[PDB]
Structures are given as structure tokens and as C-alpha cells.
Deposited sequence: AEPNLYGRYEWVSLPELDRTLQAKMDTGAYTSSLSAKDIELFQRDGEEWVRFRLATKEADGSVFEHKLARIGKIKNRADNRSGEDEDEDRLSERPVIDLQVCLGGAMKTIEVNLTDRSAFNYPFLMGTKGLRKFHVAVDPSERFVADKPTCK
């Protein structure tokens, strides 16, 4: 029944136009995205956040997302895994010191119906959304 994937998989973020490597982490609950220049602001009476990506090949592109319903901002992010696309909660924090700029926590794995085989890696190949 579940999609048997590896310890690391490619993900695509259509709202960010980025393909990143993600660590499939059954120990974590929420997912996380490497971000810097994080600034909370308000628009039309709602709480938004803007940020840049904190990756080795990042650029100066700024993205804006409404906060979803720790102290890290949480957004609803579109994530393409394998041939599926789902919207999951992702918190923004600087992951420059880690090997993978994206971390897929347990809730995202459940939403994607994924089981993590720690012996495998990159089983889902490139994301097609």
C-alpha cells in the first residue's frame, strides 16, 4: 500500500521553482525548509511571511506566503514527490549547516503515504508533480 522510498528523495516546489534534496525523517513531525531573511509582515489583516532560500545554489529570489493556522513560521507549501503533489505544513529555518535543505517530517510522509527504507536512496527519481 505505501510508497517505499529511500532515506533521501528529490522534491520539487512549484511555488519556489526549485528542485531540492530532502531527508525522509520519521523522527521529526513537521517538515522544514532552509530559509533566511525571514520577515513576518501583514497584508489585508492576515499574517504573511517573506523569505529567501538558504541553499548552496540559492539566489536572491523572495517568496511570500500566508502563515498557516516552536517559534519558526509555518506555511502551507506545495511539494512534488515522485509523481504526486501535495500541500503540507513546512516551517522555515536556516539549514545551511545540514546536508539536506528540505526535511520531510512524519506528517508530510503520511500525507504522501510514504514508508522510508533507510537502506535505499532516491527511489522516487525526479519529481514530475
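- Residues of the deposited sequence lacking C-alpha coordinates fall in the stretches 1, 71 to 91, 152, numbered from 1.
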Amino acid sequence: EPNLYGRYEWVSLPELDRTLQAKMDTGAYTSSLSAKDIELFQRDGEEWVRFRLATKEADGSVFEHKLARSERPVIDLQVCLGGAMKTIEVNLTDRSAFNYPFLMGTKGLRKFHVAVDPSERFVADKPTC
From here on, numbers count along this sequence of modelled residues.
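- Higher mean CA temperature factor between 33 to 41 and 50 to 58: 50 to 58, per the PDB entry.
- Among the modelled residues of its chain, residue 14 has a C-alpha B-factor that falls in the middle third according to the deposited record.
- Per-chain ranking of the deposited C-alpha B factor places residue 71 in the highest third.
- Ranked against the other modelled residues of its chain, the C-alpha B-factor of residue 21 as given in the entry falls in the middle third.
- The entry lists a Cα temperature factor for residue 79 that places it in the middle third of the chain's modelled residues.
- Per-chain ranking of the deposited C-alpha B factor places residue 104 in the lowest third.
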